[PDB]
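For reference, the chains in residue letters:
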There are 2 protein chains.
Amino acid sequence: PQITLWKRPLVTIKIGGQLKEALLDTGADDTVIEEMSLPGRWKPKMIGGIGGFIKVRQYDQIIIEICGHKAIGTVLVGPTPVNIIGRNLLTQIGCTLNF
Amino acid sequence: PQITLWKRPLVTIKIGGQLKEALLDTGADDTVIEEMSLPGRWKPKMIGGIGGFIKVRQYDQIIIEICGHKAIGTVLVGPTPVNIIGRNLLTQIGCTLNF
C-alpha cells in the first residue's frame, strides 16, 4: 500500500504470535524491538541514535510479520523508545520511498 | 524518484545557502540539522530517540531544498550525529512509503 507521512508510519507487526505496533523507519539501518522474549542465542551489538548509544541483543533469522508481509531476519532487542522496522526488513517487504 | 532501501537514503539538501547531505528519515517527527547558524528567533527544545534526548534550537519557517523540491518548515539545529529530514518536510516534497 501507500503510506503518507502526515502522521507516524506505525503498523501492526506480529512477532512470536503477539501483535505489536512498530514504526516503519527509513532512518534506521536495523530493526529494534522493546524488551521481550525471543528464542535462540544472541550476540552483543551497540547501536547509535539521536541521543547516544545503547546496547542491544541481536537475534538472527527471526520470523516477523509486518503489515501482512512475512519477513525473516535480524531483530535487535533493547531499550528503544518505540518498536522500529529498519531497512534490513523494509527491503524484505519491498518498501521504497517515492516522490 | 523511487529510492530503494538497500543502503541509507541520503540526499543532497540546501539550507541557509549551504549544501549538505541528509538522511530521509520516516522515523523522525522533526528535521534535525547538525550545528550551524540560521537567521531568526529560536527557542530551546528537547528531542529524544535511541539513546536518550538532546537539546536543540528550534527555528521556524526555514526554507530547505531537498532533491530540487523546495519546502518550508521548522528546522531543529543541534548535536545530531547525522543530518535528518523528518516527516514535517518529507510530506511537503510529496514523499511516501510504498510496498
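Per the deposited record, determination of this structure is attributed to X-ray crystallography, with the resolution reported as 2.0 Å.

As recorded in the PDB entry, chain A goes by HIV-1 PROTEASE and comes from Human immunodeficiency virus 1.

Caption draft 1: Up close: the interface of chain B and chain A. On the side of chain A, 36 residues touch chain B, which itself brings 39 residues to the contact. Interface area for chain B against chain A, summed over the two sides, is near 3600 Å², with a carbon-plus-sulfur share of 62%. Taken together, the links from chain B to chain A amount to two salt bridges. Of the charged contacts, one joins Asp29 of chain B and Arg8 of chain A as a salt bridge, the two residues approaching to 2.8 Å between their closest N and O atoms. At the junction of chain B and chain A, the tally comes to 22 residue pairs in polar contact. Put simply, the parts of the chain that give the side of chain B that touches chain A at least two residues each are β1 (2-3), β3 (18-24), β5 (43-49), β6 (52-66), α1 (87-90) and β9 (96-98) of chain B.

Caption draft 2: Just the relation of the copies chain B and chain A, in detail. Expressed as a screw operation, the relation of chain B to chain A combines 0.1 Å of axial shift with a rotation of 178°, fitting to an RMSD of 0.4 Å. The transformation relating the two chain copies, once decomposed into turn and shift, fits a two-fold axis. The share of interface residues of chain B whose copies in chain A are also at the interface is 92%, consistent with both copies meeting through the same surface.

Caption draft 3: Spotlight on the packing of aromatic side chains. In total, this model carries zero aromatic pairs over all chains according to the counting rule given. Over the ring of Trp42 of chain B we find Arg57 of chain B, and its NZ or CZ is 5.9 Å from the ring centre.

Caption draft 4: Quick look at the layout of surface pockets. Taken as a whole, the largest pocket encloses approximately 1100 Å³ of empty space. Lining the largest pocket are 42 residues, and of these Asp25, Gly49 and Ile50 of chain A together with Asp25 and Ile50 of chain B lie nearest its centre. The element that contributes the greatest number of residues to the lining of the largest pocket is strand β5 (residues 43-48) of chain A, accounting for four residues.

Caption draft 5: Structural context of the UniProt feature "active site" in chain A. The UniProt record marks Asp25 of chain A with the feature "active site", using the residue numbering of this structure. Its location among the elements puts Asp25 of chain A in the loop between β3 (18-24) and β4 (32-33). In this structure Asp25 of chain A touches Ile84, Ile85, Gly86, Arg87 and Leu90 of chain A together with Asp25, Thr26 and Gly27 of chain B, once residues within four positions along its chain are discounted.

Caption draft 6: Examining the sheet that holds strand β9 (residues 96-98) of chain A more closely. With respect to topology, four strands assemble into an open sheet ordered β1(A)-β9(B)-β9(A)-β1(B), the strand pairing being antiparallel. If you trace the sheet from one side to the other, it starts and ends with β1 (2-3) of chain A together with β1 of chain B, each paired once.

Each value, and the rule that gives it
Here the residues of each chain are numbered from 1 in the order the sequence is written, which can differ from the numbering of the entry; residues without coordinates are not included. Chain labels run from A onward and ligand labels from 1 onward, assigned in the order the entries are written. Each side-chain value is derived from all of the structure's non-hydrogen atoms; neither hydrogens nor water enter the calculation. Residues with missing side-chain atoms are left out of burial classes, side-chain pairs and their counts. Note on definitions: a residue-residue contact is assigned when non-hydrogen atoms from the two residues lie within 4.5 Å. The term buried area denotes the loss of accessible surface (1.4 Å probe radius) that occurs when two parts are joined, taken as the sum for both partners. Within this document, salt bridges are pairs made up of a side-chain nitrogen of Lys or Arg and a carboxyl oxygen of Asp or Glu, the two lying within 4 Å of each other. Polar contact is defined as a pair of N or O atoms within 3.5 Å, subject to the rule that within protein one atom must be able to donate a hydrogen and the other to accept it, and that residues adjacent in sequence are counted only when both atoms are side-chain atoms. Secondary structure elements follow DSSP: runs of H or I no shorter than four residues count as helices, runs of E no shorter than two count as strands, and numbering proceeds from the N terminus. Every copy is matched to the others by a least-squares superposition of C-alpha atoms. Only rings of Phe, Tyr and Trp enter the pairing, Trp through its six-membered ring, and a pair is recorded when the two centres are within 6.5 Å. The plane angle decides the type: under 30 degrees is stacked, over 60 is edge-to-face, the rest tilted. Any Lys NZ or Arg CZ found within 6 Å of a ring centre and within 35 degrees of that ring's normal is scored as a charge over the ring. Cavities and pockets were defined on a 1 Å grid built over protein atoms only: a cavity is a set of grid points that admits a 1.4 Å probe from which the probe cannot escape, a pocket is an open set flanked by protein on both sides within 12 Å along at least five of seven lines, and lining residues are those with an atom within 4 Å of any such point. Grid points are joined across faces, edges and corners, and a volume is the space filled by probe spheres set on the points. UniProt positions are given in the numbering used here, feature names are shortened, and annotations may be inferred rather than shown by experiment. Two strands form a pair only when DSSP identifies at least two bridges running between them.

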